[PDB]
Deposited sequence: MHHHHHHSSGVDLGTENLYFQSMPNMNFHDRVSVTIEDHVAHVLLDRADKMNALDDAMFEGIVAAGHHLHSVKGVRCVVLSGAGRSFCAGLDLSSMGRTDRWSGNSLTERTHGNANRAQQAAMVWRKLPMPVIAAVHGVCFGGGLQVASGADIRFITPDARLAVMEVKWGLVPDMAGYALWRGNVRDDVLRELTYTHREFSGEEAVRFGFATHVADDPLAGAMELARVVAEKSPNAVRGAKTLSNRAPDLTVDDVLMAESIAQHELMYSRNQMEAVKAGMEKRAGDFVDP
């Protein structure tokens, strides 16, 4: 408590530095209508400014993560570098803290892109996924081409996009669309989020930022960005605490930004 609800579509609860974001339209398999878009983007935006949130778990209520877009202009940048549909996925990558998704049942189209905004994905072996867009005469346009490219082979992605074929959770892990197969992906994500929540929050945030930016920089610039990030951390209060806690084999007690 509180259960924070956005647009009757997304619920957020926070405990012990972990936020759990739940797509909550179980009766329509969390399909992406207008209010679900608003709900997702608003939930992620809210989380920018909650103090002390160190990790996010993102999952779906009911039987599926997200059945994709609901049947019932694009180029305008309404959310910084994104449009609204793209932000539903991108807000997770732009959050300063890591996002761990837990995927079960169907995860199609927009739903697969939204999950792909997370840092890391747990999934059931028997989940059903698809890069569904070509079926509707469209292309993936909710940031998939920016999010998939560091995890999925070029050939695999072209195939799955042109055929829009379904693949399982097990295949998803092997293809790079998910990170770990688990019978209870929510339990695995929550365990991992707890672990993340024990670490220096500044260091975790700096790492996320480097992971986010390094693919698009030249080697020279990666090197400078590493050194600039390390300069904010070295000899700071939470860094000296990490070392001390390290040395005393205890958990660090950190100040949250």
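S.K.: Counting from 1 along the deposited sequence, which stretches lack C-alpha positions?
M.R.: Absent from the structure are positions 1-22, 95-105.
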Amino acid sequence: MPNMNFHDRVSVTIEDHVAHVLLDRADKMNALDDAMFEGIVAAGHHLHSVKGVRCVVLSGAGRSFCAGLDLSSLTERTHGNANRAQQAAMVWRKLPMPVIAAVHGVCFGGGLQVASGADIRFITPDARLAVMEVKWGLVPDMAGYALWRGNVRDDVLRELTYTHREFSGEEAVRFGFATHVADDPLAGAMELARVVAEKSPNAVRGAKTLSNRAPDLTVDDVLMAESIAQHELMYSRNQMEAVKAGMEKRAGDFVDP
From here on, numbers count along this sequence of modelled residues.
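S.K.: Averaged over C-alpha atoms, is the B-factor higher for 143-151 or for 78-86 in this PDB entry?
M.R.: Mean C-alpha B-factor is greater for 78-86.
S.K.: In the PDB record, does 190-198 or 28-36 carry the higher mean Cα temperature factor?
M.R.: It is 28-36 that shows the higher mean C-alpha B-factor.
S.K.: Once the chain's modelled residues are ordered by C-alpha B factor and cut into thirds, is residue 108 in the lowest, middle or highest one?
M.R.: Middle third by C-alpha B-factor.
S.K.: Quick check for you: using the entry's CA B-factors within this chain, is residue 208 in the lowest, middle or highest third?
M.R.: According to the entry, residue 208 has a C-alpha B-factor in the chain's lowest third.
S.K.: Can you tell me which third, lowest, middle or highest, the CA B-factor of residue 71 falls into for its chain?
M.R.: CA B-factor rank for residue 71: highest third.
S.K.: Comparing residue 58 with the other modelled residues of its chain, is its CA B-factor in the lowest, middle or highest third?
M.R.: As the PDB entry reports it, the C-alpha B-factor of residue 58 lands in the lowest third of its chain.
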